[PDB]
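Only one chain is shown below, in structure tokens, and it's the form deposited in one PDB entry.
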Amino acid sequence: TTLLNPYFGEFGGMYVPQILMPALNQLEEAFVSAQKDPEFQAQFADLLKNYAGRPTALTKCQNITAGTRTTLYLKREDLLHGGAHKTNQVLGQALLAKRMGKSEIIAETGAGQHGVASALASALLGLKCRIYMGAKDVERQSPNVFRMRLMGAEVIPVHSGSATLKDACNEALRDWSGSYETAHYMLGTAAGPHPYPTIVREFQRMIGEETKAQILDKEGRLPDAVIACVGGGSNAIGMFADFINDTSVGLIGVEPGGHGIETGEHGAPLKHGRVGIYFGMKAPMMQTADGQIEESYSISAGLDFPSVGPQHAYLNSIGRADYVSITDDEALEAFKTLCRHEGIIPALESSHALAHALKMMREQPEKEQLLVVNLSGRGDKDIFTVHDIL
């Protein structure tokens, strides 16, 4: 029994061990209560404004689109405190934890951005934060690991399974299944068991709400399409949510194509996986023929996960959103192009979204189109990766 629908069509659900159901029900109840509580909303709004820096800018990018009929805006989540959109929802989840009376936070992380976001919110709000990270990711992400530790978080390497993000997800749930009475699990994306896909969407939806107000102010009309990269689904659903009922507005999600879909080295389960049950949800995933969870790949660690949040699978199924992929090389070109033509260094994650918008423009340069790309993060973190390739 739940207060809210745990499914988006066939996708979603609460596929956790029985022992964790009371934790999910408690969290859902606290969320529903918080959403009706003007004091909670005012607290959250205050942190977003005065601590995180909202609203973020909407930047028109004229140099990139010169000589075409594309008008391109970037929603500047790269300017949020922490350098990515993740800060929005960790602040809301930290306030939910406190609403429930909990003093500890558990979080998983792969790229390390969610671990840093969780650590900063926990430092601010007086929570004791522990972060699971696959040992292979710990090795690759020294800067983020050091940031987490500077913020006072405990970083726990995970050596089981493939020692990467899915394995850290599992370990966070193992911990929570024994510690839920005192710890909140701060899941890092719009995926996992209900109520997380819903909560994370609602705590990211200011991205699209602000974008709508800003584009109406500047252009007097809604975008033709909004475009966002899809790792687990949070920045994209945050951009999409407020436009879902504006039927004219295209919603385009961009999965990582890695070395190319045909190579199998990608992270594009929505269009190239098949439905399975894992991480508490029924959702498309990359899996072996006999149902073991597969290894995904992207140049960008933030997109590198073998599944995707259930609301995206649903929006695709009904045709409300379209999903495409962008390869490593296409993302790298978009990264270089934005640096040189706009003086903005984008996250490689976000560069997938930008690369698809650039393709939309270049393929049909006389097509009139007003596009918004969600620039989910800054790319300072990627300069060596990009350096080591070029």
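Each form is matched to the other, and the largest set of C-alpha atoms that superpose within 1.5 Å is called the rigid core. Numbers for residues come from their place in the sequence shown, where the first is 1.
Form deposited in another entry: not shown, discussed below.
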Seminar exercise, completed: Of the residues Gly134, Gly302, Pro197, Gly238, superposed on the core between the shown form and the other one, only the C-alpha of one moves by 2 Å or more, and that residue is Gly134
Exercise. Comparing between the shown form and the other one on the rigid core, is the C-alpha shift at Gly276 2 Å or larger?
Worked result: no
Problem set entry | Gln93 C-alpha shift between the shown form and the other one of 2 Å or more, rigid core reference | no
Exercise. After fitting the rigid core, is the C-alpha of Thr211 off by 2 Å or more between the shown form and the other one?
Worked result: no
